[PDB]
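S.K.: Sharing a structure with you now.
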Amino acid sequence: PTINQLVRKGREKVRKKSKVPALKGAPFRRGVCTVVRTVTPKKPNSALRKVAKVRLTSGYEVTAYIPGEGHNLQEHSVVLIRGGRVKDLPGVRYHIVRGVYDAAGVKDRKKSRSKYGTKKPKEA
Amino acid sequence: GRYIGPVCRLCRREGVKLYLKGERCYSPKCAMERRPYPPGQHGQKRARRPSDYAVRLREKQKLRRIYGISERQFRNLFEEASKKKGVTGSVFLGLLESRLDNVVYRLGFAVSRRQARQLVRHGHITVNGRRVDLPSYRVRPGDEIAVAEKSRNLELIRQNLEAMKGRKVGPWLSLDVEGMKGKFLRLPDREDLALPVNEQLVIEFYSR
Amino acid sequence: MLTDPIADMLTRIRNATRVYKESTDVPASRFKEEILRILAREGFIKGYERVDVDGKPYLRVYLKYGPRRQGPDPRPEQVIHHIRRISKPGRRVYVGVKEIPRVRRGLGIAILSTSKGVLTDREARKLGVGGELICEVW
Amino acid sequence: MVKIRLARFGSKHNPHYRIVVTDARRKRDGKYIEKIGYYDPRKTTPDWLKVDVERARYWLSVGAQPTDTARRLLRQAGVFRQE
Amino acid sequence: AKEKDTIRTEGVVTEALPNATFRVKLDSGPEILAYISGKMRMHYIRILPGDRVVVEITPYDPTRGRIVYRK
Amino acid sequence: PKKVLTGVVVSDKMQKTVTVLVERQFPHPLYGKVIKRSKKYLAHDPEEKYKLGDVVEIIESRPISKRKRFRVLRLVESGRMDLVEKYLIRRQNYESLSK
RNA sequence: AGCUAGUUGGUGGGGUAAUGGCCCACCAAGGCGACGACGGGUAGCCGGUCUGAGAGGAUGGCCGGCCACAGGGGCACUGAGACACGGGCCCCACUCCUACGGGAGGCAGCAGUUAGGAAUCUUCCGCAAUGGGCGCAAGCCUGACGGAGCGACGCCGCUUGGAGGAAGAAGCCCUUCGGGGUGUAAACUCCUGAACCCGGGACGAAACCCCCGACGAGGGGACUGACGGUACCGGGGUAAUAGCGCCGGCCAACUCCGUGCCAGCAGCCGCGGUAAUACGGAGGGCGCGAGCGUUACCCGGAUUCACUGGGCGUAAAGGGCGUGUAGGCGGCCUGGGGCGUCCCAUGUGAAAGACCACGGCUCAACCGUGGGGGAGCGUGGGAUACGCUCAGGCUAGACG
RNA sequence: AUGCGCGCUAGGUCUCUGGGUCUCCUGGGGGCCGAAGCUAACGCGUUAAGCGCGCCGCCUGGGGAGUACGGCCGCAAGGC
Ligand SMILES: [Mg+2]
Ligand SMILES: [Mg+2]
Ligand SMILES: [Mg+2]
Ligand SMILES: [Mg+2]
Ligand SMILES: [Mg+2]
Ligand SMILES: [Mg+2]
Ligand SMILES: [Mg+2]
Ligand SMILES: [Mg+2]
Ligand SMILES: [Mg+2]
Ligand SMILES: [Mg+2]
Ligand SMILES: [Mg+2]
Ligand SMILES: [Mg+2]
Ligand SMILES: [Mg+2]
Ligand SMILES: [Mg+2]
Ligand SMILES: [Mg+2]
Ligand SMILES: [Mg+2]
Ligand SMILES: [Mg+2]
Ligand SMILES: [Mg+2]
Ligand SMILES: [Mg+2]
Ligand SMILES: [Mg+2]
Ligand SMILES: [Mg+2]
Ligand SMILES: [Mg+2]
Ligand SMILES: [Mg+2]
Ligand SMILES: [Mg+2]
Ligand SMILES: [Mg+2]
Ligand SMILES: [Mg+2]
Ligand SMILES: [Mg+2]
Ligand SMILES: [Mg+2]
Ligand SMILES: [Mg+2]
Ligand SMILES: [Mg+2]
């Protein structure tokens, strides 16, 4: 546009909005399970992935993907979210994070285990 | 800490002979001459044409290995150099050299860089009066470095001295080989060094 | 409205440079004249003079060119590559001494309208006085 | 009430003091009217203490009532000395 | 580890849904969402309503299955 | 220095008081384009000698009332209602663009 | 999108240290507004901080200034100064005691408990230093402060050895069964001596005090340490924590089995439906390193809100056109003014930080000293090329 | 699928409409093909989408959706 026009009207600045309403922009947030289910993935890829619907200290009820290899989780166990979209799964914006609370770690991870709440394989 | 662990492995990786063992890395035993390839299972695998970025990274690694410093430290040094006036390569290199441990090594107060560092740590050396134990020390030009009187006695030091009774020191330094003394005469220039490194590449690597 | 004169003149010059027209026309002004003089001094044109065309004081521009090239594109190497009226009426630019650009790191020139007349960048620097940044030329 | 006094500025275990002119009712680090000198307890340098004499004198004249350490420092620096 | 708790029970197909998802009434009892094998899809084996497929079942949620074998 | 302004009396519908329009011309905090900006001021005159459409020199003062914080210094030119006219037109326009 | 009835101005009066619609009585009928009023949201603001090539953009943690508030609300009083955090009165809410009439509370002070919460510390020592208050002074207070304690929470520093030492031990993995890797890594030999103990061990603290000197200047003296028996120095003195992420492309680094669109990974592209360089392990490798990753939030890259630096025939995008107000913008010449604009001088731009130098803590962090700069803003002088403005004129525009 | 205004920047060709010293000039429109240049190409190209400048109107992923909610207009439809 032209400079007087710009002065008049302005460059209406973009507010970069969040990909996450874990609320507050609180980085990690603890929640209680509502349901634990298994989930069909999208159209390019297929499996049956691990998701819990989780109610928050923030108030809501969101979807949270549990990684690992097989969750110990249940129905009224206490859990932690760390956020982050998962591409395949619709509406799931949240990783449950294995380690803290009733989200215990993955047994017999040995490589990538800090992402998974798995303490060291004690050596001899 | 430092690197600590398998050292000539690094040489193998970077694919150029560096001298970190000192002697030994002077025999047919820096592995390099006996073996002239990268480590692990695919070191004797046919080489790929790498990326520009990759190349730069490798160069940086080589440089870091040479002075055997923490990468954070290196970064900080680079930043400092950038902040300062002039050739952000040559000056950076000079600054790096002005590290106490490296200076000790290069005056031939020690056979190996790590060894030199160890010596420095263990109070064996003295700059300009006080017993300094900190290898990072940015030795300012026109400064005198000696073996501590309390650690003047040990055979290792004597051996080191003997070894450089035979070779020339870098032109930015002089040394009194007899009374276990030495000078850091002027600021080290990069051209005075013959380093396996191309400084521009290093700069490029940092520059993002 | 002939909404700016200086800008128009610059445009005309640019056009001339593009089409290798040796000679072009522009209405007359003090300011314009001064600019032309400056250009001449620099070497950015061959010369100027004010003939009457029609019945109105116009202005001949004698248009400079580089040596006729050899190769594909045997059309002359240009003298004025790019000329831009920077302080467009509206976006009105005023540079002090610290804010004059060494345009092209020195090669071509900016032209500054100043209290102390109308002149080059170097001249401005020397005289320490800044002003209106009429036009960038390289 | 206006005082010439000391302002701490160094670090934990490393004290350093500004011989400084301010209002009584201020923080010890606070916005002051005029810096006038500096002092160090460690006496670490060749010049550990220094004051601008003239300024100090002027302040005294107006009625800067110096705190006692500050006064001592001034005396040491040679501001109360009259010839 | 691959948890081999995978419940290998048969079911006759009640219904067809998109993407080869099928409500299949089981020999076991329930009718639950059970989607196709990839293998079957690759092999173009058309599941049609009224067939005894092997619906593999997860112990986390039986309510969703996975069709393994050709009718 | 007491603040010296120069603007136009665009309203006298008050006892002793004059409303004064000051064109303040200044460059923009980014776009450079010099902007003409207006501030309606209230000024004190124990005369009412200064009337509508008169261009006046304005002095910053101690206040006389809630947003009446100026004294009239002196006249510059009289009768230039033409510059007032614009202001009046603008005011009139205000009416138009509501609901 | 209109707002405003003490609301805007005036006379008098009250009030105030002082002006004032601060308030009152009365007259006038304004005042503000699209150059964004009023309303709703958001938010302490700044010096700064982070980022960024810069312009900007975000942010305002601690440290400095100012503001505002001390459960919520309201009011005064005393006073130099409060509308008064550990003062008062009142109401409301809440907690506590009650011989039921009523009283007492306020940690957004340190510290801690509890709650909320992903998350955040010792119910620490000490008045020695600095400052504060009182006092002739001695001194007395002082959770200001000085410190220690906790947390890799951040930054910086160091240690987990160094030297030698096979055409190359085993262990483990691959194999084309020749061999290769792990890897000079080890073991082992030599030396050091982090840790740890013994010996000494502070700067910080010389004032205030006494006396000579006039209780001045000046001189002599003496008391006075939380940190801490720490820092440090001397002697002795042991080889003495390594971890995490990644390894298809971006992007540094590859192989084997297990698995077979399953379990799974993912930041995007996407990988997996039988030798997966992408899933699980193994080795091997790479990155860092007492850290390393993940997630959030912010800038960047993003010239993806574009001033520097975009665009609009078809991609998102030209309003359906006209007339027209505000606004923006304005041909040529001649002069005056000098608002914009430019310059110089000077004032201001506090300190800390940022920047450069040097100095100190064994370096560096950190801190000190010196210096400069710094946009903006005022004031005095000028300049007049341009823009503006006032005057005179001209006919290329425009109109007739 | 091209905002309006003005200026400049090879032509040729047909076309309508005016004046001329009327086989050809000179204006004002409508087309086509093309210099330079521009553009993502298609194309555009003195009737520019080129070089400029003035001003305004919009655009900032698609879908959601010209929807909702509010506001205004309208007898409603519906529009903005
Ligand atoms: Mg099974
Ligand atoms: Mg009154
Ligand atoms: Mg509110
Ligand atoms: Mg708030
Ligand atoms: Mg503060
Ligand atoms: Mg309260
Ligand atoms: Mg509270
Ligand atoms: Mg009072
Ligand atoms: Mg109080
Ligand atoms: Mg809790
Ligand atoms: Mg106590
Ligand atoms: Mg007493
Ligand atoms: Mg007490
Ligand atoms: Mg503290
Ligand atoms: Mg470190
Ligand atoms: Mg992984
Ligand atoms: Mg990957
Ligand atoms: Mg893998
Ligand atoms: Mg632009
Ligand atoms: Mg674009
Ligand atoms: Mg379109
Ligand atoms: Mg107009
Ligand atoms: Mg003009
Ligand atoms: Mg400063
Ligand atoms: Mg229009
Ligand atoms: Mg072409
Ligand atoms: Mg064409
Ligand atoms: Mg285009
Ligand atoms: Mg419609
Ligand atoms: Mg509606």
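Letters A, B, ... mark the chains of the structure tokens in the order given; residue numbers begin at 1 per chain; ligand numbers begin at 1, in order shown.
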Enumerate residues in contact with ligand 27: an atom-to-atom distance of at most 8 Å, counting only C-alpha atoms (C1' of nucleotides) and all ligand atoms. Format the result as a PDB file with N, CA, C and O atoms (P, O5', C5', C4', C3', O3' and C1' of nucleotides), in the first residue's frame.
M.R.:
ATOM      1  P     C H  32      -7.427  -7.168 -29.020  1.00  0.00           P
ATOM      2  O5'   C H  32      -6.571  -7.565 -30.303  1.00  0.00           O
ATOM      3  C5'   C H  32      -7.040  -8.569 -31.227  1.00  0.00           C
ATOM      4  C4'   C H  32      -6.229  -8.549 -32.500  1.00  0.00           C
ATOM      5  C3'   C H  32      -4.760  -8.889 -32.337  1.00  0.00           C
ATOM      6  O3'   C H  32      -4.581 -10.296 -32.255  1.00  0.00           O
ATOM      7  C1'   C H  32      -4.987  -6.992 -33.741  1.00  0.00           C
ATOM      8  P     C H  33      -3.544 -10.899 -31.202  1.00  0.00           P
ATOM      9  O5'   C H  33      -2.132 -10.498 -31.828  1.00  0.00           O
ATOM     10  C5'   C H  33      -1.661 -11.132 -33.035  1.00  0.00           C
ATOM     11  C4'   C H  33      -0.512 -10.379 -33.669  1.00  0.00           C
ATOM     12  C3'   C H  33       0.759 -10.241 -32.853  1.00  0.00           C
ATOM     13  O3'   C H  33       1.494 -11.462 -32.858  1.00  0.00           O
ATOM     14  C1'   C H  33       0.317  -8.260 -34.113  1.00  0.00           C
ATOM     15  P     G H  34       2.555 -11.779 -31.695  1.00  0.00           P
ATOM     16  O5'   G H  34       3.840 -10.948 -32.160  1.00  0.00           O
ATOM     17  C5'   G H  34       4.822 -10.421 -31.230  1.00  0.00           C
ATOM     18  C4'   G H  34       5.534  -9.219 -31.822  1.00  0.00           C
ATOM     19  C3'   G H  34       6.331  -8.352 -30.845  1.00  0.00           C
ATOM     20  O3'   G H  34       7.711  -8.722 -30.785  1.00  0.00           O
ATOM     21  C1'   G H  34       4.745  -7.007 -31.972  1.00  0.00           C
ATOM     22  P     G H  43       0.279 -17.212 -25.096  1.00  0.00           P
ATOM     23  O5'   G H  43      -0.780 -16.045 -24.863  1.00  0.00           O
ATOM     24  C5'   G H  43      -0.379 -14.667 -24.848  1.00  0.00           C
ATOM     25  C4'   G H  43      -0.828 -14.005 -23.568  1.00  0.00           C
ATOM     26  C3'   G H  43      -0.785 -12.485 -23.588  1.00  0.00           C
ATOM     27  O3'   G H  43      -2.086 -12.001 -23.907  1.00  0.00           O
ATOM     28  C1'   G H  43       0.545 -13.295 -21.795  1.00  0.00           C
ATOM     29  P     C H  44      -2.272 -10.763 -24.903  1.00  0.00           P
ATOM     30  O5'   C H  44      -1.640  -9.546 -24.090  1.00  0.00           O
ATOM     31  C5'   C H  44      -2.214  -9.104 -22.840  1.00  0.00           C
ATOM     32  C4'   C H  44      -1.331  -8.084 -22.154  1.00  0.00           C
ATOM     33  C3'   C H  44      -0.790  -6.951 -23.007  1.00  0.00           C
ATOM     34  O3'   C H  44      -1.775  -5.990 -23.355  1.00  0.00           O
ATOM     35  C1'   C H  44       0.904  -7.715 -21.556  1.00  0.00           C
ATOM     36  P     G H  45      -2.016  -5.624 -24.895  1.00  0.00           P
ATOM     37  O5'   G H  45      -0.820  -4.625 -25.221  1.00  0.00           O
ATOM     38  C5'   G H  45      -0.609  -3.432 -24.446  1.00  0.00           C
ATOM     39  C4'   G H  45       0.861  -3.220 -24.185  1.00  0.00           C
ATOM     40  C3'   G H  45       1.668  -2.726 -25.370  1.00  0.00           C
ATOM     41  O3'   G H  45       1.591  -1.314 -25.455  1.00  0.00           O
ATOM     42  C1'   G H  45       2.775  -4.568 -24.376  1.00  0.00           C
TER      43        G H  45
END
S.K.: So that I can check the surroundings of region 55-63 of chain C, please list as a list in words every protein, DNA and RNA residue that reaches within 8 Å of it, counting only C-alpha atoms (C1' of nucleotides) and ignoring chain neighbours fewer than 3 positions away.
M.R.: residues 13, 16, 17, 21, 22, 23, 24, 25, 26, 27, 28, 45, 46, 47, 48, 49, 50, 51 and 52 of chain C; 396 of chain G
S.K.: Could you save the residues just selected, with C-alpha atoms (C1' of nucleotides), as a PDB file, in the first residue's frame?
M.R.:
ATOM      1  CA  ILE C  13      16.214   9.486 -17.958  1.00  0.00           C
ATOM      2  CA  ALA C  16      16.243   6.948 -22.337  1.00  0.00           C
ATOM      3  CA  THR C  17      18.897   4.674 -20.861  1.00  0.00           C
ATOM      4  CA  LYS C  21      17.893   7.221 -27.061  1.00  0.00           C
ATOM      5  CA  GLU C  22      20.859   9.558 -27.251  1.00  0.00           C
ATOM      6  CA  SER C  23      18.755  12.574 -26.454  1.00  0.00           C
ATOM      7  CA  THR C  24      15.627  13.286 -24.379  1.00  0.00           C
ATOM      8  CA  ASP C  25      13.271  16.020 -23.188  1.00  0.00           C
ATOM      9  CA  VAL C  26      11.992  17.264 -19.762  1.00  0.00           C
ATOM     10  CA  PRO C  27      10.345  20.556 -18.542  1.00  0.00           C
ATOM     11  CA  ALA C  28      12.616  23.074 -16.829  1.00  0.00           C
ATOM     12  CA  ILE C  45      25.271  12.005 -18.319  1.00  0.00           C
ATOM     13  CA  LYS C  46      27.220  13.577 -21.210  1.00  0.00           C
ATOM     14  CA  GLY C  47      25.756  17.017 -20.613  1.00  0.00           C
ATOM     15  CA  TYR C  48      22.578  19.063 -20.506  1.00  0.00           C
ATOM     16  CA  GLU C  49      21.263  22.288 -22.062  1.00  0.00           C
ATOM     17  CA  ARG C  50      17.980  24.146 -22.237  1.00  0.00           C
ATOM     18  CA  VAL C  51      16.504  24.502 -25.699  1.00  0.00           C
ATOM     19  CA  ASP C  52      13.030  25.749 -26.372  1.00  0.00           C
TER      20      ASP C  52
ATOM     21  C1'   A G 396       2.796  23.573 -20.259  1.00  0.00           C
TER      22        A G 396
END
S.K.: List all protein, DNA and RNA residues that have any atom at most 9 Å from ligand 5, counting only C-alpha atoms (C1' of nucleotides) and all ligand atoms, and write the list as a VMD selection string.
M.R.: chain G and resid 62 to 65
S.K.: Could you list, as a list in words, all residues that come within 9 Å of ligand 4? Count only C-alpha atoms (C1' of nucleotides) and all ligand atoms.
M.R.: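 Counting only what the definition allows, namely only C-alpha atoms (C1' of nucleotides) and all ligand atoms, the set is residues 42, 43 and 44 of chain G.
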S.K.: Would you please give, as a ChimeraX atom specification, all residues of region 10-115 of chain A that DSSP assigns to strand (DSSP E) based on the backbone?
M.R.: /A:29-39,49-56,61-65,78-83,95-96
S.K.: Those same residues - N, CA, C and O atoms - I'd like them written as a compact mmCIF listing (two decimals), in the first residue's frame.
M.R.:
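For reference, part-v8.txt as written:
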# COMPACT_ATOMS: atom_id res chain seq x y z
N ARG A 29 1.48 -30.45 32.34
CA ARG A 29 0.30 -30.37 33.14
C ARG A 29 -0.18 -31.77 33.50
O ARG A 29 -0.23 -32.67 32.65
N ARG A 30 -0.49 -31.96 34.79
CA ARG A 30 -0.97 -33.25 35.30
C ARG A 30 -2.48 -33.37 35.22
O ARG A 30 -3.22 -32.41 35.43
N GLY A 31 -2.92 -34.59 34.92
CA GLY A 31 -4.33 -34.87 34.73
C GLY A 31 -4.75 -36.26 35.15
O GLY A 31 -3.91 -37.15 35.39
N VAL A 32 -6.06 -36.43 35.25
CA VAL A 32 -6.65 -37.69 35.65
C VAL A 32 -7.36 -38.25 34.42
O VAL A 32 -7.95 -37.49 33.65
N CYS A 33 -7.28 -39.56 34.25
CA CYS A 33 -7.89 -40.25 33.12
C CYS A 33 -9.42 -40.19 33.19
O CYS A 33 -10.00 -40.12 34.27
N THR A 34 -10.06 -40.20 32.02
CA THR A 34 -11.50 -40.38 31.93
C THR A 34 -11.72 -41.76 31.32
O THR A 34 -12.32 -42.63 31.95
N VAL A 35 -11.23 -41.94 30.09
CA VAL A 35 -11.17 -43.24 29.42
C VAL A 35 -9.78 -43.51 28.86
O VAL A 35 -9.05 -42.59 28.46
N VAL A 36 -9.42 -44.79 28.86
CA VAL A 36 -8.28 -45.29 28.13
C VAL A 36 -8.86 -46.09 26.98
O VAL A 36 -9.72 -46.96 27.19
N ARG A 37 -8.41 -45.79 25.76
CA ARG A 37 -8.83 -46.55 24.58
C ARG A 37 -7.70 -46.86 23.62
O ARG A 37 -6.55 -46.47 23.82
N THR A 38 -8.06 -47.60 22.58
CA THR A 38 -7.19 -47.86 21.45
C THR A 38 -7.80 -47.11 20.26
O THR A 38 -9.02 -46.90 20.22
N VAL A 39 -6.95 -46.69 19.31
CA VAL A 39 -7.35 -45.70 18.29
C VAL A 39 -6.86 -46.04 16.88
O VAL A 39 -5.68 -46.26 16.66
N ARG A 49 -3.42 -47.21 18.01
CA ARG A 49 -2.55 -46.51 18.94
C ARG A 49 -3.20 -46.11 20.23
O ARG A 49 -4.43 -46.10 20.38
N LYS A 50 -2.32 -45.75 21.15
CA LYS A 50 -2.60 -45.67 22.55
C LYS A 50 -2.93 -44.25 22.92
O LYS A 50 -2.08 -43.35 22.83
N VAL A 51 -4.18 -44.04 23.33
CA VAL A 51 -4.67 -42.73 23.72
C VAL A 51 -5.55 -42.82 24.95
O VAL A 51 -6.39 -43.72 25.06
N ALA A 52 -5.33 -41.90 25.89
CA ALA A 52 -6.24 -41.69 27.00
C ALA A 52 -6.88 -40.33 26.88
O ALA A 52 -6.22 -39.33 26.59
N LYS A 53 -8.20 -40.30 27.08
CA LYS A 53 -8.86 -39.05 27.33
C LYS A 53 -8.59 -38.70 28.77
O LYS A 53 -8.69 -39.55 29.66
N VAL A 54 -8.20 -37.45 28.98
CA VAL A 54 -7.66 -36.97 30.24
C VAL A 54 -8.28 -35.63 30.61
O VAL A 54 -8.30 -34.70 29.79
N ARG A 55 -8.81 -35.56 31.83
CA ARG A 55 -9.27 -34.31 32.43
C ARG A 55 -8.14 -33.66 33.21
O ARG A 55 -7.31 -34.35 33.82
N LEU A 56 -8.13 -32.33 33.18
CA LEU A 56 -7.00 -31.54 33.63
C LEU A 56 -7.25 -30.77 34.91
O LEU A 56 -8.39 -30.67 35.38
N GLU A 61 -11.21 -31.62 29.07
CA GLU A 61 -11.05 -33.03 28.82
C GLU A 61 -10.45 -33.20 27.42
O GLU A 61 -11.13 -32.97 26.41
N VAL A 62 -9.17 -33.57 27.38
CA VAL A 62 -8.42 -33.66 26.12
C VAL A 62 -7.94 -35.07 25.82
O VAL A 62 -8.04 -35.95 26.66
N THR A 63 -7.43 -35.26 24.61
CA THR A 63 -6.82 -36.52 24.20
C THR A 63 -5.33 -36.47 24.39
O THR A 63 -4.67 -35.49 24.04
N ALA A 64 -4.79 -37.55 24.95
CA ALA A 64 -3.37 -37.67 25.15
C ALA A 64 -2.86 -39.03 24.71
O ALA A 64 -3.34 -40.07 25.16
N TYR A 65 -1.87 -38.99 23.83
CA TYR A 65 -1.25 -40.16 23.26
C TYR A 65 -0.22 -40.69 24.22
O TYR A 65 0.65 -39.96 24.67
N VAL A 78 -3.30 -41.32 37.92
CA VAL A 78 -2.83 -39.94 37.78
C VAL A 78 -1.68 -39.85 36.79
O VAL A 78 -0.73 -40.65 36.85
N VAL A 79 -1.76 -38.89 35.88
CA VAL A 79 -0.86 -38.85 34.73
C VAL A 79 -0.31 -37.45 34.40
O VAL A 79 -0.83 -36.45 34.88
N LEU A 80 0.75 -37.40 33.58
CA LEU A 80 1.33 -36.13 33.13
C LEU A 80 1.31 -35.98 31.62
O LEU A 80 1.67 -36.90 30.89
N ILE A 81 0.89 -34.79 31.19
CA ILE A 81 0.93 -34.39 29.79
C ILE A 81 2.16 -33.50 29.54
O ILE A 81 2.57 -32.74 30.42
N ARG A 82 2.72 -33.60 28.33
CA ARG A 82 3.78 -32.68 27.87
C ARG A 82 3.47 -31.99 26.54
O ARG A 82 4.27 -31.21 26.04
N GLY A 83 2.31 -32.30 25.99
CA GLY A 83 1.87 -31.69 24.75
C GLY A 83 2.55 -32.26 23.53
O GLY A 83 3.22 -33.30 23.61
N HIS A 95 1.14 -35.42 24.30
CA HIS A 95 1.79 -36.67 24.68
C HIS A 95 1.66 -36.84 26.18
O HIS A 95 1.96 -35.91 26.95
N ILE A 96 1.20 -38.02 26.61
CA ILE A 96 1.36 -38.44 28.00
C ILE A 96 2.81 -38.80 28.17
O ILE A 96 3.40 -39.43 27.29
S.K.: Give me the residues within 9 Å of region 21-32 of chain D as an MDAnalysis selection string, counting only C-alpha atoms (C1' of nucleotides) and dropping any in the same chain fewer than 5 places off.
M.R.: (chainID D and resid 1:9 56 59 64 66) or (chainID G and resid 64:65 130:132 144 350:351)
S.K.: Any chance you can output those residues with C-alpha atoms (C1' of nucleotides) as a PDB file, in the first residue's frame?
M.R.:
ATOM      1  CA  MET D   1      19.025  15.000  55.224  1.00  0.00           C
ATOM      2  CA  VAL D   2      21.877  14.742  52.783  1.00  0.00           C
ATOM      3  CA  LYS D   3      24.697  12.284  53.421  1.00  0.00           C
ATOM      4  CA  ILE D   4      27.981  11.425  51.806  1.00  0.00           C
ATOM      5  CA  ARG D   5      28.181   7.709  52.366  1.00  0.00           C
ATOM      6  CA  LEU D   6      29.129   4.358  50.962  1.00  0.00           C
ATOM      7  CA  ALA D   7      27.430   2.295  48.296  1.00  0.00           C
ATOM      8  CA  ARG D   8      28.191  -1.427  47.996  1.00  0.00           C
ATOM      9  CA  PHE D   9      28.570  -2.590  44.410  1.00  0.00           C
ATOM     10  CA  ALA D  56      33.276  16.714  48.374  1.00  0.00           C
ATOM     11  CA  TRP D  59      28.883  19.034  49.400  1.00  0.00           C
ATOM     12  CA  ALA D  64      26.188  17.063  53.454  1.00  0.00           C
ATOM     13  CA  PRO D  66      28.841  12.390  56.155  1.00  0.00           C
TER      14      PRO D  66
ATOM     15  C1'   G G  64      17.938   0.836  39.703  1.00  0.00           C
ATOM     16  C1'   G G  65      13.848   4.754  39.440  1.00  0.00           C
ATOM     17  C1'   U G 130      27.703  -1.201  54.880  1.00  0.00           C
ATOM     18  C1'   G G 131      23.416   1.645  55.422  1.00  0.00           C
ATOM     19  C1'   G G 132      18.890   3.197  58.667  1.00  0.00           C
ATOM     20  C1'   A G 144      17.486  -3.343  55.391  1.00  0.00           C
ATOM     21  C1'   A G 350      21.267   9.052  36.468  1.00  0.00           C
ATOM     22  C1'   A G 351      23.913   4.525  38.257  1.00  0.00           C
TER      23        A G 351
END
S.K.: Kindly provide, as a list in words, all nucleotide and amino acid residues lying within 12 Å of ligand 16, counting only C-alpha atoms (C1' of nucleotides) and all ligand atoms.
M.R.: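 Here is the list of contacting residues: residues 67, 68, 109, 110, 111, 112, 113, 114, 115 and 116 of chain A; 245, 246, 247, 264, 265, 266, 278, 279, 280, 293 and 294 of chain G.
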S.K.: Which residues are near region 76-83 of chain D? Cut-off 8 Å, only C-alpha atoms (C1' of nucleotides), ignore same chain within fewer than 2 positions. Put them as a PyMOL selection string.
M.R.: (chain D and resi 49-51+53+56-57+72-74) or (chain G and resi 217)
S.K.: Around ligand 7, out to 8 Å and counting only C-alpha atoms (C1' of nucleotides) and all ligand atoms, which residues are there? I want them as a PDB file with C-alpha atoms (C1' of nucleotides), in the first residue's frame.
M.R.:
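Result written to pocket-v6.pdb:
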ATOM      1  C1'   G G  71      -8.047  -9.391  53.257  1.00  0.00           C
ATOM      2  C1'   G G 106      -3.968  -9.724  58.611  1.00  0.00           C
ATOM      3  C1'   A G 108       1.779  -9.099  48.942  1.00  0.00           C
TER       4        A G 108
END
S.K.: What's around residue 71 (chain E) at 6 Å? Count only C-alpha atoms (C1' of nucleotides), leave out sequence neighbours fewer than 2 positions away in its own chain, and write the answer as a ChimeraX atom specification.
M.R.: /E:51-53
S.K.: Mind giving me the straight-line distance from CA of residue 100 (chain B) to CA of residue 117 (chain B) in Å, one decimal?
M.R.: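 CA of residue 117 (chain B) lies 8.2 Å from CA of residue 100 (chain B).
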S.K.: Identify, on the basis of only C-alpha atoms (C1' of nucleotides), every residue whose closest approach to region 24-34 of chain E does not exceed 8 Å; exclude the query and any residue fewer than 3 positions from it along the same chain; express the result as a ChimeraX atom specification.
M.R.: /E:9-15,21,55,62-67
S.K.: Enumerate the residues of chain C with a DSSP assignment of helix (DSSP H, G or I), computed from the backbone, and present them as a PyMOL selection string.
M.R.: chain C and resi 6-19+30-42+97-99+103-106+121-127
S.K.: I'd like the contact shell of residue 26 (chain A) - 9 Å cut-off, only C-alpha atoms (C1' of nucleotides), skipping same-chain residues fewer than 2 positions apart - returned as a list in words.
M.R.: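 Using only C-alpha atoms (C1' of nucleotides), the neighbours found are residues 21, 22, 23, 24, 28 and 29 of chain A; 118, 296 and 297 of chain G.
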S.K.: If we count only C-alpha atoms (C1' of nucleotides), which residues of chain C reach to within 8 Å of chain G? Please list them as a short mmCIF file (atom, residue, chain, number, x, y, z; two decimals) with C-alpha atoms, in the first residue's frame.
M.R.:
data_model
loop_
_atom_site.label_atom_id
_atom_site.label_comp_id
_atom_site.auth_asym_id
_atom_site.auth_seq_id
_atom_site.Cartn_x
_atom_site.Cartn_y
_atom_site.Cartn_z
CA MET C 1 -1.56 16.40 -12.13
CA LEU C 2 2.11 16.20 -13.19
CA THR C 3 2.45 15.09 -9.63
CA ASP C 4 6.22 15.37 -9.25
CA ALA C 28 12.62 23.07 -16.83
CA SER C 29 13.16 23.73 -13.11
CA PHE C 31 16.04 22.03 -8.83
CA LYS C 56 8.10 26.27 -23.34
CA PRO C 89 6.65 13.09 -2.21
CA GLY C 90 4.96 11.48 0.76
CA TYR C 94 15.76 13.47 5.62
CA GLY C 96 21.64 13.86 8.88
CA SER C 113 19.31 18.49 -1.42
CA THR C 114 20.75 20.56 1.39
CA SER C 115 20.76 23.92 3.09
CA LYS C 116 24.25 24.21 1.62
CA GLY C 117 22.91 23.67 -1.94
CA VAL C 118 22.38 20.56 -4.01
CA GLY C 128 28.92 17.79 7.33
CA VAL C 129 25.45 19.00 6.40
CA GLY C 130 22.74 16.50 5.49
CA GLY C 131 19.27 16.96 4.01
CA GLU C 132 16.67 15.60 1.63
#
